[PDB]
Structures are given as structure tokens and as C-alpha cells.
Amino acid sequence: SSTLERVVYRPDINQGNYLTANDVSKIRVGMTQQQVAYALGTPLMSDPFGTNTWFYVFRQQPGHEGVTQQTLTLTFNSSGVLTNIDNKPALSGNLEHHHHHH
């Protein structure tokens, strides 16, 4: 009686390193710190200095100019409500193609 053990692991999984783009897309504006942290896996934050900004970074522009990325910055007002999200691509806006040559 041979034990036929052939399990399939999915090479399509991201278990750490960086946050997935679709994962950050789970949350929304007006979503409270608790739910944002619940969904994104964010640690508890309650800065008494007034710095209510959450910093995240995912891959969307891996390489082309070397300096090309969008900074995902969350801004929630003291009630815990995401009031503004900072999300703009590195294609002229939050950042552009590095150095105006030609």
C-alpha cells in the first residue's frame, strides 16, 4: 500500500516582501484605520505629532528609467477616516521621467 502524495503548490503567490497592488486597492477613502489596517495588514498607528500618513509601496513601474515609481501615501484625519489618498503614477504627475534631457 503505497502512499501517493503529490500536492500542488501555486507559484502565483506573494507571501511577503512587498504589498500587492490589488491588495492596497481593497481599501477606500473614509475607511477607518481599523479596517484599513485589517485589510492591508498595517500595524496600529496613532501618532500624537499629527503625522497621520501611512506609507506603502508596490511594483507597477519595475524598470525603464531607473527612477520611476509612485509613492502610495495614505492620509487619515484624527477620527480615523482616510481623508485623502496619495496615488499618482511616475508618468508625469507625482513623478516624471528622470531629468529633462531633450
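Every residue, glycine as well, gets a Cβ built from its backbone with ideal geometry; the counts of neighbours run over all protein chains shown. Read-outs: derived from the displayed coordinates by stated rules, not from any lab.
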Summing -39500 (n - 2.57) over every DSSP H run of at least 4 in the chain, dividing by its residue total and rounding to the nearest 500, the 222 nm mean residue ellipticity is -2500 deg cm²/dmol
Among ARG6, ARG59, what is the fewest-to-most ranking by other Cβ atoms within 10 Å?
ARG6, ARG59
Ordered by packing density, taken as the mean number of other Cβ atoms within 10 Å over each peptide's residues, highest first, how do 82-89, 95-102, 43-50 rank?
82-89, 95-102, 43-50
For region 78-94, take each phi angle, set θ = phi - 60°, evaluate the Karplus expression 6.51 cos²θ - 1.76 cosθ + 1.60, and give the result in whole Hz per residue in order, putting x for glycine and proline.
3, 6, x, 9, 4, 8, 8, 10, 9, 9, 9, x, 7, 10, 6, x, 6
Rank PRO11, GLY93, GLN33 by how far each Cα sits towards the positive end of the charge dipole of the chain (+1 on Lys, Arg Cβ; -1 on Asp, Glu Cβ) and give me just the farthest.
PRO11
Residues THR51, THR68, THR20 arranged by fewest to most Cβ contacts within 10 Å
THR51, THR20, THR68
Would you please classify the overall shape of region 16-102 from the alpha carbon gyration tensor, given that a ≥ b ≥ c denote the square roots of the eigenvalues, rounded means a/c under 1.5, and beyond that prolate means a/b larger than b/c while oblate covers the rest?
prolate
Apply the Karplus curve 6.51 cos²θ - 1.76 cosθ + 1.60, θ = phi - 60°, to the phi angles in region 70-76 and return the couplings in whole Hz, x for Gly and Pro.
10, 8, 7, 10, 9, 10, 10
